[PDB]
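Chain by chain, the residues run as shown.
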Amino acid sequence: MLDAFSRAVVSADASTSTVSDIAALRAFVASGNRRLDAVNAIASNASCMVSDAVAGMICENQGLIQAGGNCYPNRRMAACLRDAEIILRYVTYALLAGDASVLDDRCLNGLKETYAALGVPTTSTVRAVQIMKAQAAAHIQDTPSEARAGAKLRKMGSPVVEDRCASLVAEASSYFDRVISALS
Amino acid sequence: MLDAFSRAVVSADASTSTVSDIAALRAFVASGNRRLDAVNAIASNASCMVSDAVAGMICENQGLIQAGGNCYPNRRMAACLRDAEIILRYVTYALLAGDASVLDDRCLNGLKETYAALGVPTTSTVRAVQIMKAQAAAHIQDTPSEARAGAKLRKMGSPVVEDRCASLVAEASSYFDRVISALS
Amino acid sequence: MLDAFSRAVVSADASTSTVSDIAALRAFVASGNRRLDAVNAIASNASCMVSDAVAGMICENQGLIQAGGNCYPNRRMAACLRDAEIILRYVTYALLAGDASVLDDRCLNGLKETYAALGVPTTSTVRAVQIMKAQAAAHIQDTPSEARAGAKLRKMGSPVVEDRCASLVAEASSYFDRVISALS
Amino acid sequence: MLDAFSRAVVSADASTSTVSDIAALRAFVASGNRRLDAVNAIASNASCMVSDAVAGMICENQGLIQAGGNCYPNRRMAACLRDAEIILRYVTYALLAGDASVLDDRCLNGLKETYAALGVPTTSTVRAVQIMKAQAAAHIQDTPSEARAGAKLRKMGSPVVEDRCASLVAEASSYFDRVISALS
Amino acid sequence: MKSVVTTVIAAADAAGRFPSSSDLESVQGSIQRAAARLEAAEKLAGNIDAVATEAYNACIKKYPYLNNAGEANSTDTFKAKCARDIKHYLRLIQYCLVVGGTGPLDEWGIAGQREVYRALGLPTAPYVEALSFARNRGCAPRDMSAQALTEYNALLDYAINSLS
Amino acid sequence: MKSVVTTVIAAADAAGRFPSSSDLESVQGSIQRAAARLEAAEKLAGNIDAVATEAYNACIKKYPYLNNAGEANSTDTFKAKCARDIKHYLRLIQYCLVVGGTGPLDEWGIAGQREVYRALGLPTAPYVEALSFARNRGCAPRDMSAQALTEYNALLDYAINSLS
Amino acid sequence: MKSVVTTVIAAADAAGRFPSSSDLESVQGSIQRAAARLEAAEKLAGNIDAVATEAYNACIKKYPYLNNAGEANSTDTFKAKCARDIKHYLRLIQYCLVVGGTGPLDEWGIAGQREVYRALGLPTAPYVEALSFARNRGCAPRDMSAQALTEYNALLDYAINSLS
Amino acid sequence: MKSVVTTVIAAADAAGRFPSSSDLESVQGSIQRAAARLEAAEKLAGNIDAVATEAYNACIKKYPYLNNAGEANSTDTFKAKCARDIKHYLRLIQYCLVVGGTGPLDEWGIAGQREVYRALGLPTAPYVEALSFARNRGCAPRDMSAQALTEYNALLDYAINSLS
Ligand SMILES: *C(=C)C1=C(C)[C@@H](Cc2[nH]c(/C=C3N=C(/C=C4\NC(=O)[C@H](C)[C@H]4[C@@H](*)C)C(C)=C\3CCC(=O)O)c(CCC(=O)O)c2C)NC1=O
Ligand SMILES: *C(=C)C1=C(C)[C@@H](Cc2[nH]c(/C=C3N=C(/C=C4\NC(=O)[C@H](C)[C@H]4[C@@H](*)C)C(C)=C\3CCC(=O)O)c(CCC(=O)O)c2C)NC1=O
Ligand SMILES: *C(=C)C1=C(C)[C@@H](Cc2[nH]c(/C=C3N=C(/C=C4\NC(=O)[C@H](C)[C@H]4[C@@H](*)C)C(C)=C\3CCC(=O)O)c(CCC(=O)O)c2C)NC1=O
Ligand SMILES: *C(=C)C1=C(C)[C@@H](Cc2[nH]c(/C=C3N=C(/C=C4\NC(=O)[C@H](C)[C@H]4[C@@H](*)C)C(C)=C\3CCC(=O)O)c(CCC(=O)O)c2C)NC1=O
Ligand SMILES: *[C@@H](C)[C@H]1/C(=C/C2=NC(=C\c3[nH]c(C[C@H]4NC(=O)C(C=C)=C4C)c(C)c3CCC(=O)O)/C(CCC(=O)O)=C2C)NC(=O)[C@@H]1C
Ligand SMILES: *[C@@H](C)[C@H]1/C(=C/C2=NC(=C\c3[nH]c(C[C@H]4NC(=O)C(C=C)=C4C)c(C)c3CCC(=O)O)/C(CCC(=O)O)=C2C)NC(=O)[C@@H]1C
Ligand SMILES: *[C@@H](C)[C@H]1/C(=C/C2=NC(=C\c3[nH]c(C[C@H]4NC(=O)C(C=C)=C4C)c(C)c3CCC(=O)O)/C(CCC(=O)O)=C2C)NC(=O)[C@@H]1C
Ligand SMILES: *[C@@H](C)[C@H]1/C(=C/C2=NC(=C\c3[nH]c(C[C@H]4NC(=O)C(C=C)=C4C)c(C)c3CCC(=O)O)/C(CCC(=O)O)=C2C)NC(=O)[C@@H]1C
Ligand SMILES: *[C@H](C)[C@H]1/C(=C/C2=NC(=C\c3[nH]c(C[C@H]4NC(=O)C(C=C)=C4C)c(C)c3CCC(=O)O)/C(CCC(=O)O)=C2C)NC(=O)[C@@H]1C
Ligand SMILES: *[C@H](C)[C@H]1/C(=C/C2=NC(=C\c3[nH]c(C[C@H]4NC(=O)C(C=C)=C4C)c(C)c3CCC(=O)O)/C(CCC(=O)O)=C2C)NC(=O)[C@@H]1C
Ligand SMILES: *[C@H](C)[C@H]1/C(=C/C2=NC(=C\c3[nH]c(C[C@H]4NC(=O)C(C=C)=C4C)c(C)c3CCC(=O)O)/C(CCC(=O)O)=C2C)NC(=O)[C@@H]1C
Ligand SMILES: *[C@H](C)[C@H]1/C(=C/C2=NC(=C\c3[nH]c(C[C@H]4NC(=O)C(C=C)=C4C)c(C)c3CCC(=O)O)/C(CCC(=O)O)=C2C)NC(=O)[C@@H]1C
Ligand SMILES: *[C@H](C)[C@H]1/C(=C/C2=NC(=C\c3[nH]c(C[C@H]4NC(=O)C(C=C)=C4C)c(C)c3CCC(=O)O)/C(CCC(=O)O)=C2C)NC(=O)[C@@H]1C
Ligand SMILES: *[C@H](C)[C@H]1/C(=C/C2=NC(=C\c3[nH]c(C[C@H]4NC(=O)C(C=C)=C4C)c(C)c3CCC(=O)O)/C(CCC(=O)O)=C2C)NC(=O)[C@@H]1C
């Protein structure tokens, strides 16, 4: 897999050149601490995110838990909870690395074809991923609503800036969007 | 494994010396054709030798085919016919190579301990190997008796000398004797 | 232990048969005196053989008498001289008996495992045994070289035949080869 | 495996107690940078250390490269260079972790029995490890002599203190001494 | 026992490698972070009984049915075992703060926890409530520095995730 | 491509784990060490031709037999390829300083180097002398900070070790 | 130890077969070829010191830099070891001619040769030059019969290939 | 298809080896032995019908019960198939003499023979008697040279062994 820095190396090697834009690399390093806060915000809340995302997918489409639905019976609901956790894990890896290589290569490559072969609905999966994308955005910004969390609300206590890591939110969101693109 | 020639090399390498006794190696080569006749005499008659040897062991000890005997039931008789053929195969390899290494390393190493663990009688096995040793001697000399062969008598038609390859008979017999020593 | 004659008895007892090949036994008896000459030639020269064999092993591998070598210090050199004499003693017993049983049972059984456990080099031991094998061949034939003996040269004065007991030389050599096989 | 910190945890868990000596843990952390210098000094010079250590073992015991010696022929010299590098690797792991567990469990457990079974001299191995222990001490202190290095001399340029990391030298030396104890 | 240094050594060993640039660099991370997590480890060592007691009391306050005859907090032995279990989790978290990894919690708390609780009919919700209370309780700089509390909260969330 | 973050992610993935305490802690090490190695990376990017040229000149000065007819430095093409090879190693070292691991050197320089040099009858000693010269050349603070030079020297020693 | 007879026995053993038509036929090849290769083996046994010495002298004549302080032929010990190594290769070739296979050269010369030479900074070129000199030196019928020299040259080329 | 050359190539390929001394030496054995086995192959090609017919007639003479209603030689189709089968074995033996190995007999005659005869209730003894008759019939130099007849007899004994 690549990270943000080995991505710059691979790009440079296409012209057998040294990496000369050290300023960009220094910018990556300066956002290092906030990046670690963003990964900690997702990993620390992953169980709440997965169960809420899969429950949300199901409350919007009740057929998933009726005759012939793909979260029926118990075995399929369990398999689906597992897949939502796996996808979220590979997205958190990509955010920690600052590069989608690990997500693309180890999770998304052949996912659509696997789901096609199993009869797993890509539509309903895309909805679960949309909810996790929204959850991740809120946890990175440390602004989860009490309305959607109730007694499960968590505050991370990262040091606040005005933009609330808008750039990391966009990056995280772009990784979830690669999942959605891979299934769409 | 070693053959007669690589045996001379391994002996020489113990003093990091060249092999100087080329006369002995030329003597090995000069008996090459009769050695091939000796291997052909055993291989060509191996089924007759094995069945006669195992049948002989049994006609001398009837307990092998009675309650609790080690050629009872069908599975054990079959396993014993297989072992007599295996032992004869490794002895023929040793005769073709002019060295016991292949017999020692691939057949005899741990054989007694295996037989002890299975309850295979080493005494009765030694008798089967004695008969194969006698059969091999006769086939190498191209002097099988009609009395022991009946309608199964075979003649190889190798070119006769007065000694009838006494040296190859002794060598073949010494390999069968390594089997007997390994089980005794 | 067995001798050549009780070896024929044990072989016969595998078919509860009498020993019928009295001719072979008469052949053993006819070589009796030359066999006693062969044992006398080794026993009478044993100290010269052991010290020359161990000294030869050492002049070919100087590490045995340097830091970490297995003939260092004095205690280990003494232990090694003792082992070369023990091995030569069991080989002379085998030659007197016309059977390897005493050598196999009382000397070679567990020798490799003992040497492994002590850190005694089996390679260097094999070289000492090779030299004793060559020495024994020359003493049996009563043809030791002045080049290797100098002032220690001994002549036994056995009654000479043209072959110089080739068959006893081969037999003695085969016993030394069992030692080498047991350590290889 | 354990490191210095999980060693304190395992000790505490024997009485299901919290780790209370945080001062000692803070002391480990305060020597962290010099520990990284010590590991860098060995890793950076490992090829020079291994070849010099094995060459040293050999120049003190010439039998290792003569008939029957355990660095003869090419295959055995290569295997021995590999083992010296492996041992040095596990010692550097132990120094990086501040604990011998990885060395004990992954390198030393069954090493003597393996060497006994192969005929690898533990004496000569102990001498190779002694030389690597001396090399490591000098590289950690950044005081390799020109006399032992010649044109291969390296300087690390770590910030000098009067004691030259005597405590890390003793620790590194104690790991090499576990190797020697395991082979003695 | 998973830590920064055991992770890089295990990866180096699988590839037959000496420690290299990335291995030493990883351990520099421990040198920077140790102060924060050893601050948390020392606070928790000092006050574990009070921290565990209030977490235990929180989970029984949420699930008073546990006090009814035949339920998991209904006898003096059960009450003592439940409080002990909360202290066990906090002691394993103290170990994780010392080590800078989940190793102690992974090997001594989480492995087998669900088999044990299922076999004895112990509901998991009170365990989750106790840890969840502990997770929401702390604040910086009152209890410890922001980074010390970050490390403590992450290990509580890790235990919570293992039960969820 | 081996770096701090790819090593901890690969170890996390092999065990099916989210990033945890030890993973983030490892990456904090990169945040601390990056200044030193990016200083080295920038110096090397700025001056690679001069650094490579003097290392090439050092190895030919040590082994002038390479200039004889049929030897590896004997034609204009050979001379240009040899100097190019030294610059290749230094460019891969620049990449390792950017990444904070041996990945680029492992994958693009070291893998196959021995098969190539053996097949073309290229002696290894001149490569070792060039890198060894570069390793002994630098000093701080003249060329760069002590920690920048430590990073650079460690990667040169790593390449030297790969050829030794 | 690879020879005609060990090769056919190993193939027979893998399939559980007695020696058959093709096995005996293969060994007839050894009976025909033995005279030629034993002629070569006897010549080499008789004259190995002279053959090895002139090959050693050839490689030092080609690479006189080896005589300079710190280089591989620069001390009396180094000179003696280098000449010894050439004799080792020729002794292993004598063994191959006795056996009629590469077994002795495979197991005792070639396996580990590159690890050893790399570890001690021994250049491979002088080894190749010594064997290459020996390969080009012989002629028939001066030195031995055409087929004896064919067998000798093939084993020298085999060693050369292993180092190239 | 097992022969001298396919055996040494398969052993070379398993170890990633070019043909070497022992491979060529093995093939020299084929060059020496081919005259004998091609003499046998040509005789058998020339006279296979007569050789097969007398072997078939021998096995029915030994086992006249085969002529009884419901037995394996009792109809015109059965009689023709039995004689055909003997000719099949002799044709595969002709192929083995051409190739200098048991390959053709192994792959096309022996593999499955026992499953076929068992499934159709064909007794093995008549096949053995036919081949055994053919094995005892020949003499040199009447029928062919001693070595030609040795090759032919060895392949008959090999087929007999496969059925015994
Ligand atoms: C069905 C009746 C149904 C649902 C189930 C539910 C699903 C849902 N959830 C979100 C958004 C969020 N939920 C979050 C989850 C958590 N917050 C926490 O603090 C804990 C740790 C965790 C678990 C409870 C979060 C953080 C969000 C993000 C927004 C916010 O905080 O308000 C959505 C919205 C997704 C979208 O915008 O597309 C949905 C649908 N909703 C249901 O109707
Ligand atoms: C049981 C009552 C009983 C036996 C069964 C039989 C076993 C036996 N066989 C021999 C000796 C030989 N048998 C040979 C076999 C064959 N000869 C052939 O020509 C065909 C091809 C082949 C298979 C039938 C041979 C060659 C010999 C060698 C001696 C000879 O030819 O006469 C023995 C003797 C064992 C010994 O000498 O110790 C025995 C016991 N005998 C039974 O009593
Ligand atoms: C080291 C420098 C060194 C040796 C020491 C020596 C060892 C060696 N010895 C032989 C062969 C023989 N030595 C013999 C001993 C004796 N002959 C006598 O008459 C007396 C009683 C006795 C003691 C001195 C004998 C008999 C032989 C046999 C051969 C012969 O007589 O020539 C060898 C040869 C080994 C071999 O052939 O494998 C060796 C190496 N040699 C040394 O280099
Ligand atoms: C054989 C004749 C022979 C040797 C080979 C040699 C072995 C030996 N080496 C030491 C001690 C050291 N060698 C070191 C190696 C190096 N120094 C460097 O700067 C480079 C990078 C590296 C490789 C060449 C080092 C650092 C030491 C430590 C001591 C020192 O620096 O002086 C010893 C001594 C062993 C002991 O003390 O027990 C030996 C024996 N010596 C030979 O005789
Ligand atoms: C969006 C992600 C957040 C946000 C994050 C910020 N964190 C900042 C600083 C900071 N965070 C940490 C913790 C972090 N570093 C580590 O080493 C580890 C674990 C090993 C973690 C979890 C540290 C140490 C620091 C630096 C010290 C400090 O500043 O207190 C931070 C400030 C720096 C910056 O501007 O980049 C930010 C912005 N802030 C937000 O507003 C949302 C909620
Ligand atoms: C004891 C073994 C025998 C015996 C054998 C003899 N055969 C002799 C020569 C010989 N044999 C063959 C066949 C052999 N060579 C091969 O290449 C193959 C198969 C691939 C085989 C099976 C040949 C070709 C020859 C040489 C030609 C010839 O001489 O006719 C032989 C004579 C030479 C010698 O003295 O060694 C002997 C003695 N003879 C006996 O008395 C017993 C029965
Ligand atoms: C190789 C071993 C020899 C060799 C030996 C021969 N000795 C022969 C006969 C012989 N030897 C003795 C002495 C012997 N018998 C004893 O009772 C004792 C001691 C108690 C010993 C040591 C005697 C009495 C005899 C018989 C009398 C005589 O023939 O002078 C001998 C000749 C008979 C035969 O062919 O076996 C031989 C060959 N001869 C050699 O060439 C080497 C050196
Ligand atoms: C015995 C080991 C040495 C010695 C070492 C010292 N180095 C000290 C400080 C120091 N070292 C480094 C480099 C190190 N830190 C890393 O993060 C990495 C790589 C990832 C490495 C290799 C740093 C950054 C520092 C701290 C900065 C500085 O103090 O210059 C050091 C001084 C502190 C202390 O007393 O521990 C020492 C003693 N010194 C010796 O005398 C021998 C040769
Ligand atoms: C026949 C002369 C015996 C006899 C033989 C039995 N052997 C049995 C099985 C068996 N044999 C071996 C050794 C064999 N396998 C090899 O691979 C090799 C050498 C390469 C040899 C020589 C093994 C390992 C086994 C175990 C495997 C199996 O059971 O098939 C056997 C069956 C024992 C049982 O399971 O009860 C028998 C009966 N039995 C006799 O009474 C005569 C003396
Ligand atoms: C000399 C050729 C060797 C060598 C030999 C050493 N052997 C050592 C001791 C030792 N040897 C044996 C086996 C021996 N004892 C017997 O009773 C029998 C046979 C019946 C034999 C052949 C034993 C059991 C022992 C251990 C007890 C004892 O000390 O006697 C030995 C000393 C080992 C040590 O303590 O380090 C040595 C040096 N050493 C060599 O380097 C060459 C190759
Ligand atoms: C060098 C200082 C020695 C020496 C070493 C030899 N070792 C040989 C092989 C060998 N070594 C080991 C242990 C090693 N392997 C591991 O994985 C580890 C730890 C993780 C270690 C420390 C093993 C298991 C083996 C067997 C595998 C193999 O043969 O490659 C060896 C070859 C022995 C042989 O086959 O004859 C040697 C020569 N030899 C010396 O003389 C010095 C003292
Ligand atoms: C930030 C101001 C919070 C807040 C904090 C309060 N916690 C109170 C007491 C308290 N907290 C703990 C847990 C704490 N002690 C430790 O040793 C550790 C970690 C190792 C932690 C996390 C305990 C055991 C206690 C009782 C003992 C004490 O008084 O320190 C507390 C006191 C009043 C109360 O009990 O609520 C406060 C104010 N409370 C808040 O509202 C903000 C958000
Ligand atoms: C510390 C004062 C040393 C020392 C250093 C000197 N180096 C000199 C010249 C020089 N160094 C390099 C390599 C250097 N430049 C880089 O860009 C990098 C890496 C990016 C490194 C490591 C070059 C290319 C040059 C030549 C160009 C220049 O003048 O900078 C130097 C000048 C004298 C000379 O050329 O020999 C010095 C003094 N010299 C010492 O002895 C101490 C220990
Ligand atoms: C064919 C006529 C060649 C040729 C041959 C020459 N070689 C000369 C001497 C020589 N050759 C060797 C190697 C040789 N000796 C062996 O024992 C073996 C193989 C086992 C071989 C291949 C040696 C050691 C020597 C020196 C001793 C001697 O004189 O025999 C040689 C003599 C003159 C010279 O040294 O050049 C010649 C003529 N030379 C040719 O030009 C053609 C092509």
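Reading guide: rules and limits
Residues numbered from 1 in each chain as written, not as in the entry; some residues may be left out. Chains lettered and ligands numbered in written order. Part of a larger assembly, values for the part shown. Heavy atoms only, no water. Near = heavy atom within 4 Å. Polar contact = N/O pair within 3.5 Å; in protein donor to acceptor, adjacent residues only side chain to side chain. Areas by Shrake-Rupley, 256 points an atom, 1.4 Å probe, with all protein chains shown as cover. Helix = DSSP H or I, 4+ residues; strand = E, 2+ residues; numbered from the N terminus. Nonpolar A, V, L, I, M, F, W, Y, C, P; charged D, E, K, R; others polar. Contact = heavy atoms within 4.5 Å. Buried area = accessible area lost by both parts, 1.4 Å probe. Salt bridge = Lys/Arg side-chain N within 4 Å of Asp/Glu carboxyl O. Buried < 20%, exposed > 50% of the residue type's maximum accessible area, 1.4 Å probe, protein only. 1 Å grid on protein atoms, 1.4 Å probe; cavity = no way out; pocket = protein on both sides within 12 Å on 5 of 7 lines; lining within 4 Å. Points joined across faces, edges and corners; volume = space filled by probe spheres on them.

As summarised from the PDB record, the model derives from X-ray crystallography at a stated resolution of 2.131 Å.

As recorded by the PDB entry, chain E carries the name Alpha subunit of cyanobacterial protein phycoerythrin and is attributed to Nostoc sp. WR13.

The name that the PDB entry assigns to chain A is Beta subunit of cyanobacterial protein phycoerythrin, with the source organism given as Nostoc sp. WR13.

Asks: With reference to specific residues and values, describe the site of ligand 2.
Replies: All names here are of chain B. Taken together, 20 residues surround ligand 2, and among them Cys48, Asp52, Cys59, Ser145 and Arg148 come closest. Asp52 is positioned with one of its side-chain polar atoms (N or O) 2.7 Å from a nitrogen atom of ligand 2. The contact in question runs from an oxygen atom of ligand 2 to an N or O atom on the side chain of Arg148, over 2.7 Å. Calculation on ligand 2 without its partners gives an accessible area of 890 Å², and the protein chains cover 76% of this total. Elements with a minimum of two residues in the shell around ligand 2: α4 (46–60), α8 (122–141) and α9 (146–149). Grouping the constituent residues of the shell around ligand 2 by class yields 9 nonpolar, 5 polar and 6 charged.

Asks: Explain the interface of chain B and chain C to me, and be specific about the residues and the numbers.
Replies: Accessible area lost during the coming together of the parts is what is often quoted as the interface size. Of the residues lining the interface, 8 residues belong to chain B; the matching set on chain C comes to 8 residues. Across the chain B/chain C interface, buried area totals approximately 620 Å², and carbon plus sulfur atoms make up 42% of it. Area buried by chain B at its contact with chain C is led by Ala14, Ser15 and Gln130 of chain B, which between them contribute 48% of it. One can count 0 salt bridges joining chain B with chain C. Viewed at the interface, chain C and chain B are joined by 2 residue pairs in polar contact. At the level of elements, α8 and α10 (166–183) of chain B are the ones that each hand at least two residues to the side of chain B that touches chain C. When the residues that make up the side of chain B that touches chain C are grouped by side-chain class, the tally is 1 nonpolar, 4 polar and 3 charged.

Asks: Please set out the pattern of salt bridges residue by residue, giving values where relevant.
Replies: When their charged atoms lie close together, side chains carrying opposite charge are able to pair. The full count for this structure, using the stated rule, is 85 salt bridges over all chains. Across the pair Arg84 of chain E and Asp85 of chain E runs a salt bridge, and its minimum N-O distance is 2.8 Å. The exposure class of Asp85 of chain E is buried, given its relative accessible area of 10%. Between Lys87 of chain G and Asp49 of chain G there is a salt bridge whose closest N-O contact spans 2.9 Å. Of this pair, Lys87 of chain G sits in helix α3 (residues 76–99) while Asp49 of chain G sits in helix α2 (residues 21–62), placing them 38 residues apart in sequence. Relative accessible area serves as the criterion here: at 34%, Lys87 of chain G is assigned to the partly exposed category.

Asks: Lay out the environment of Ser44 of chain D with the relevant residues and their values.
Replies: Mapped onto the fold, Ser44 of chain D is located in helix α3 (residues 32–44). Discounting chain neighbours no more than four positions away, the residues touching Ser44 of chain D are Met156 of chain D together with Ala154, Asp157 and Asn161 of chain F. A distance of 2.9 Å separates a polar atom in the side chain of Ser44 of chain D from the backbone oxygen of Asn40 of chain D.

Asks: Give a description of empty space enclosed by the protein that names residues and reports values.
Replies: Where empty space is left can be seen by rolling a probe of water-molecule size over the atoms. In this structure the tally under the stated criterion is 4 cavities of 30 Å³ or more. Here the largest cavity is characterised by a volume of approximately 300 Å³. The wall of the largest cavity is formed by 21 residues, among which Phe5 and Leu96 of chain B together with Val5, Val27 and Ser30 of chain G lie closest to the centre. If you list the elements that add at least two residues to the lining of the largest cavity, you get α1 (4–13), α2 (22–30), α3 (32–44) and α5 (74–97) of chain B together with α1 (4–14) and α2 of chain G. Among the elements that take part in the lining of the largest cavity, α2 of chain G stands out by supplying 5 residues, more than any other. Taken together, the residues that form the lining of the largest cavity break down as 13 nonpolar, 4 polar and 4 charged. By volume, the second largest cavity is sized at about 90 Å³. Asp37, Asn40, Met156 and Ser158 of chain D together with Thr150 of chain F are the residues nearest the centre of the second largest cavity, which is lined by 13 residues in total. Listed by contribution, the elements that provide at least two residues to the lining of the second largest cavity are α3 of chain D together with α7 (146–162) of chain F.

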